[PDB]
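Written below as structure tokens is the structure these notes are about.
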There are 2 protein chains.
Amino acid sequence: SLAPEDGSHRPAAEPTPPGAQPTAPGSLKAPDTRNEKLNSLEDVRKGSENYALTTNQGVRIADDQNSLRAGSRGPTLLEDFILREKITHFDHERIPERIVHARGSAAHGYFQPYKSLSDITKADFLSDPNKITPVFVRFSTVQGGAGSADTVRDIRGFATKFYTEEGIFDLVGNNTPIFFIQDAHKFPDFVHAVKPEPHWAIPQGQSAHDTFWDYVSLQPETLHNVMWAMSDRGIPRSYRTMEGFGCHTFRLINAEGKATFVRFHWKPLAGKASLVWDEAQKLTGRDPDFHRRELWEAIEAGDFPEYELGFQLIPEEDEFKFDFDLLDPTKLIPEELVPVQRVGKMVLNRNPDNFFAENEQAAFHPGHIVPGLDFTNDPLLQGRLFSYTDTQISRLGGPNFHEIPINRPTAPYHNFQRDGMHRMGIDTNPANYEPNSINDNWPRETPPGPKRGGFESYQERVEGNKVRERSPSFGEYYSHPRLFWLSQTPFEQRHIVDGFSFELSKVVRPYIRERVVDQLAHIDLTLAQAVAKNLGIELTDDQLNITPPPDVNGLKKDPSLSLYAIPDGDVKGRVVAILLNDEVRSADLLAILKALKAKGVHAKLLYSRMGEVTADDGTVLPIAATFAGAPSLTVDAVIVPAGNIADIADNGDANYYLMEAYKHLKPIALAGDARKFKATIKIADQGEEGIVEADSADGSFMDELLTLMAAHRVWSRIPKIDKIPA
Amino acid sequence: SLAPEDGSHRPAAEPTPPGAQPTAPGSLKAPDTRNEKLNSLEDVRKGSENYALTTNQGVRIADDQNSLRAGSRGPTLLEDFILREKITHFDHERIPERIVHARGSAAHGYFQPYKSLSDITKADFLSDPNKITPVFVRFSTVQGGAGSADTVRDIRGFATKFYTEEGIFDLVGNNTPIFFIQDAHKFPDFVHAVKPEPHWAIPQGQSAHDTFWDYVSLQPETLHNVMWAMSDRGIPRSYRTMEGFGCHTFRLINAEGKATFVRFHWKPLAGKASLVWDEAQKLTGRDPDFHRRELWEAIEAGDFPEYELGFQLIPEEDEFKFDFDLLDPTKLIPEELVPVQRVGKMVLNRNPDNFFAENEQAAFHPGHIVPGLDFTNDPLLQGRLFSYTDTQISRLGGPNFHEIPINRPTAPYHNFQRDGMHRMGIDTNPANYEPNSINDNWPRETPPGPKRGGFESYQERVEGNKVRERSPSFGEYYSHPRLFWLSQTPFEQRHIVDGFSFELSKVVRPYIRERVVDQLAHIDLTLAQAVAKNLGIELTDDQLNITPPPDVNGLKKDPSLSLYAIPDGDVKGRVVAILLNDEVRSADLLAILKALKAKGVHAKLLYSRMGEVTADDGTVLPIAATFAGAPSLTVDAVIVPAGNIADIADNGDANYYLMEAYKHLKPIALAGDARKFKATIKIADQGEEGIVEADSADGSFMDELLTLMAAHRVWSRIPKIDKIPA
Ligand code: HDE
Ligand code: HDD
Ligand SMILES: [S]
Ligand SMILES: [S]
């Protein structure tokens, strides 16, 4: 026995807050959580306790510490098959990563609709509020490799595999409502431009380089999604606090054969929240795994990520009722014009067991639809249809990638396809073709119908010549970027300006920055001048006189496009740093922790070293991390209780902890002599909004602090920060 | 036409300092840098100017902006073969990354010996000082994926492919002289322990997690390399400023067949330099591509990376003369006992053209030796010989990986091997077997000989039973850790303490931290106490009393193990940040740039925005980056010239710049009114060693600055930085 006698090696198999226990595989942490899909993976789950160590051929190994050699200082012999099997498996562990979205984090869960949608769709998973559908959801970035950082500025993917009783439906979305380009033929061009440059393979996880901004400057269709990426949307706080969108117009098809256009939405029930750029960037260094870690620890805590599925619905006969083409994936449909109708709730409640087997090998593809759904002619969606099947043949080693356990339908699947590399299923059908008599033609086709019917495409009318031609209706590039911009708060606009400004300062060829500034002046002059000023560029008289683009169907803003215009904060599962000292005042700490617990807010107790400290009244306080070990970047607010403040008053790290938190607009709360730290962030004796302070940590000290956390960040502090050296 | 009128899109084909030009593929940047290997790649280089855009089948494309569809808003057609070919190639771009050392950066160069080594080896590439051998070298980290960060704490790889006239010789080394483990059979155990943990795939690029420290605590053979990784060796400033080592005893064999034992060394002619932990970690967020960028830009500037190849030579009759085993790759050979003989110089002088084709597909393997070299029974080397061939079958797609251009020998190769996936060579030999009569037995075997002979193994005597058993002579784990510890300066010791303390604080299971502290107590009590103190652990009485391990063959230290004990600094190729103001004293900047140019030291002019500022005498000064866009992390020293200091005096970013540089021990120089900044870093009126200050940037000012830079960092500053909030 190598395990410690007290069993402190094994994580408690029960919900525990982040940091309290080591993390564990899902089926060990949460054995009582189940769903149909998790149940069906049991046949491939492999345990370990009380088993002998073997080869893959089931032969017990006696010595797993040494190779076979001719004498104990001799050459290794070719007959050591135990060595070669173990080294061969290791030698071939890696598979190609995804072309895009290589970096991502996944969890199991379930979905249920609020009511039957049988009036608008015959999709079985939406037919009955008691029907529960297991899901597997992978969130991701786009540009960087599987080993790149989480808190980059980038679009995020949000892909949901629904294991329905009528097939797999994959909803393969992103965290913005549009894309950079219109036609799929340009996808390798765009992706090449944003990816690391081909001579030197720099930069990782970043659009802040020449080729990306060259492409944007030469393809104004990209401006709409670029505005989103340059906004704080590009740097979410958590996968739990971002929106999801299906990107395209799809169709719902009802039992009667009626088609309704649909765009898919995910609403985060934890609310919308993003980092700020300095924070996000430093965080890629302090913890490049932050969002992966946060997702996993949320689920281990019982802070289950929850999302409401919603549909924007447009009748067929309303196809041309807008200023923009519904099929144009660079156009959003404003919620002011077409409301999101709520459809159901998805809850992610179990982590995987093995990240490679379940997460890296999962394959999601938007052509995986089910009867009651269908496509449209969106020419980006159209080409996606080819890519997501094709790419699996190298990534997952061939055409049996549906037999990889995570990818298996829970619905029955039977057909006449055979063979391929890694073939698992052993077909007993005397026939591998149809029509056949020798098995009475089974498995048999099934006519379309209201439920459990075969898939038939909606008989959309097609008329025109075979052309490689962009629709004239897609030839408008500025009005949606402008609607987005005008829908942002003044501080969200500031962050957009600083996004473009920082990124363009990393473009080495000046003309490319000038070209991009010219594009911005076709969107909004204020935006354009503000970026220009940061780049030392002066707008020409002609640029000053560019007529703004028209509003979008009469709208001059839509507040649903703003992260923050309409409060939707939720403090459950946020985290607070508590800065300890060698003699904490216990009455302050009890009050703090009691208030945080009651709202589901976590805490981490920090000090200048590991171990424990002791409060005035003798309570032993265990330390979670050092100031340097768990920086303010990783938390939502900072509280400093009273006591022996002198112990940390000249600690560089403790001071800088409050400076970095202050700079990043986080709430800060100071009790009694911890008010001494006001000097380091230059707060006046009268105090300021966003800094909570009092003689002791209650009456209303915690309610104040928690009100501030509900509003996420202290935007009014923005003017004060530039003067702090942090 | 899309390029600018003024031609500023194309970088000058002449050496230019970092940031002065956009970087470019090596054959365009330096078309006249040639060697036999670079020339031999010409058959596969493909240009682009003035060529028509085509399919892979040579069909010209008219419209590369659109898919073929039925009507300009209609569905995409399956007959669009131009779209599918383009998307197919994209969908299959990725190949598996290396199992280890997936993150790496590579360059072309050449090697040439200082004299003939025919007395000790018949290796042709070492036979004459006139023999120029092309090389391709790849530097790497170990743990993180291909998209992980450069300045992590890790071991680094240093792999050199020598294209000799008698075959490829790959010297596949690392930046420390030993490894973590003794026997290859345990490599997958160690690597899985260090890699992201299997449930959740965290952490990336870090050993700072439970499983690594669990293994280390259970496997004391690891402790020697762990000491190296926890030192500043684990965070090099640059691939140019680290040592390299062949890791194992090999043999040289001469024309008379005498075997000499050899360990290989690469000595950086730019000297030894590393970062400090906070700076490295933060750098992984500010520029995860820092080392890749710095290598590429050094070569573009003419700061070619230079290394001297060195041999420690031990006669065969001396095999048992040391108190460690020569075959134990966890043991180093102290240079005080066996000096390094300087044998030749390697210069890296050209970057690749396409990173994926030349860097990512390069295959190095230490079994690739030539006549004149041979192996030993080192049980780690022994198992390596199996792995580096086997792993390429999946990584590079089959057994013809030597036909991928970068991998091809420049020496002739002919044999009877045929077929395999993507077979390039078309064999005309009527025979595919030997012995054969139908081709008069060609190609024919060659007897071993003094030159151009076939390979024959050294006839080492082997005597012993077939056993899986570790040699008893390997069973000593603490004396080399202790020699390394005692050979470091007191500041290098402090950083080792900090590295253990920081990593162990990130281990969630406390008993693992305790067990590692017990191992430290077997190495050195002072080390063990300092780490324990940072972890709130108290040494027991037994631990205070463990007898230290013996000295190594009478040695109680060897200064060659220190990065810094013996001065070795070279300033050529280093970079200074110069913080501008809106009216710089031009006379300061003339002198600063003058003196920096004379020592080959580069500069970046930094300000609060991009564009230009104008000096007092009207000189226009282009701005390279903002203070926040190019942080002090990225420079070796900071200079603030006189002028309008009021402009920047209250810039938080400008103040922080100097705080961060100060905290990281970098030389700072301040002229005239720049001395106002002393107050932000708490410098007494009387000054401080490591802060250069004068009325103006005269001649003595720059000499003192350049002196500090030759010594790398200001170690005497360490006790002052604890109080600085940065
Ligand atoms: C709307 C949300 C969205 C959009 C518009 C696109 N992606 Fe995605 N993508 C693949 C190809 C592809 C194409 C051809 C287009 C437009 C033509 C898009 N993308 C835009 C892919 C290369 O086939 C892909 C990589 C590996 C794979 O299996 O599919 C792919 C990835 C991807 C993901 C990741 C899925 C996961 O495993 O987590 C997501 C969420 C998207 N795309 C969304 C998406
Ligand atoms: C028995 C397994 C094994 C063992 C014990 C070692 N290696 Fe290794 N090494 C591999 C198996 C391997 C590998 C899995 O085969 C890699 C990764 C993929 C590749 O092409 O080779 C590799 C890559 C690799 C590289 C990168 C080559 C490149 O840049 O493409 C370096 C520098 C080293 N190794 C160096 C070392 C050192 C210095 C070791 C100890 C002294 C060592 N290896 C032990
Ligand atoms: S999209
Ligand atoms: S080694």
Side-chain angles (χ1 to χ4, degrees), chain A residues 65 72-73, chain B residues 155 174 176-183 186 190 215-231 233-234 243 245 247-249 261 263 265 312 314 318-340 376 378-380 470-490 492-493 496-497 499-500 515-532 539 542-563 565:
Chain A
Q65 317 311 319
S72 64
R73 290 181 82 249
Chain B
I155 298 306
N174 280 352
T176 72
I178 70 284
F179 199 63
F180 295 101
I181 72 177
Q182 289 185 334
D183 187 310
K186 294 212 64 83
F190 172 75
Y215 189 91
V216 164
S217 77
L218 299 167
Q219 294 282 273
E221 65 202 61
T222 66
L223 283 166
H224 187 194
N225 212 212
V226 163
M227 295 289 300
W228 288 69
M230 293 306 109
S231 82
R233 293 276 178 168
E243 280 179 322
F245 305 91
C247 331
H248 311 282
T249 309
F261 291 116
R263 299 210 175 172
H265 286 254
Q312 284 176 295
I314 297 100
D318 284 2
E319 182 169 4
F320 302 99
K321 281 186 192 135
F322 308 88
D323 60 23
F324 52 97
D325 191 316
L326 287 190
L327 301 185
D328 182 343
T330 66
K331 303 290 185 293
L332 60 79
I333 301 156
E335 290 180 42
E336 286 293 311
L337 295 186
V338 180
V340 170
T376 62
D378 177 320
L380 194 70
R470 201 76 61 77
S471 188
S473 67
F474 286 39
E476 197 283 319
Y477 308 128
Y478 308 114
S479 77
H480 282 46
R482 169 175 190 76
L483 175 65
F484 176 82
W485 166 256
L486 295 177
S487 302
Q488 304 311 300
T489 70
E492 290 181 296
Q493 289 178 343
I496 286 165
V497 166
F500 277 104
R515 286 172 180 191
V516 171
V517 171
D518 190 70
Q519 286 299 356
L520 299 181
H522 289 77
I523 295 166
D524 188 77
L525 187 248
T526 299
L527 169 55
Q529 278 169 327
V531 177
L539 266 25
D542 284 339
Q543 296 169 317
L544 256 0
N545 286 309
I546 292 155
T547 299
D551 297 322
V552 185
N553 287 92
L555 287 182
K556 70 264 115 302
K557 69 169 131 180
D558 186 328
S560 61
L561 299 174
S562 165
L563 291 167

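Basis for what follows: all heavy atoms, side chains included, without hydrogens, waters or symmetry-related copies. Per chain, numbering begins at 1; letters A, B, ... match sequence-line order.
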No-hydrogen, no-angle side-chain donor-acceptor test under 3.5 Å, [X] and [Y]:
X: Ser479(B); Y: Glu476(B); result: yes
X: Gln65(A); Y: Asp183(B); result: no
X: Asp378(B); Y: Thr376(B); result: no
X: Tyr477(B); Y: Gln219(B); result: no

4.5 Å side-chain heavy-atom contact, [X] and [Y]:
X: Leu520(B); Y: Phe500(B); result: yes
X: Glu335(B); Y: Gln312(B); result: yes
X: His480(B); Y: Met227(B); result: no

Charged N to carboxylate O below 4.0 Å: is that the case for [X] and [Y]?
X: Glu243(B); Y: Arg233(B); answer: yes
X: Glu221(B); Y: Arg470(B); answer: yes
X: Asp524(B); Y: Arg482(B); answer: yes
X: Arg73(A); Y: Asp325(B); answer: yes

Point to revise | Candidate list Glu492(B), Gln488(B), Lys557(B), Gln493(B), test side-chain hydrogen bond (donor to acceptor under 3.5 Å, both in side chains), partner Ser562(B), passing option | key: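 Output: one option passes, namely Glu492(B).
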**Study point:** Point-to-point distance, once rounded to the nearest 0.5 Å, from CG of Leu483(B) to CG of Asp551(B)
**Key:**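 It is 8.5 Å, given to the nearest 0.5 Å.
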Point to revise | Euclidean distance, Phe190(B) CZ relative to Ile181(B) CD1, rounded to 0.5 Å | key: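 It is 7.5 Å, given to the nearest 0.5 Å.
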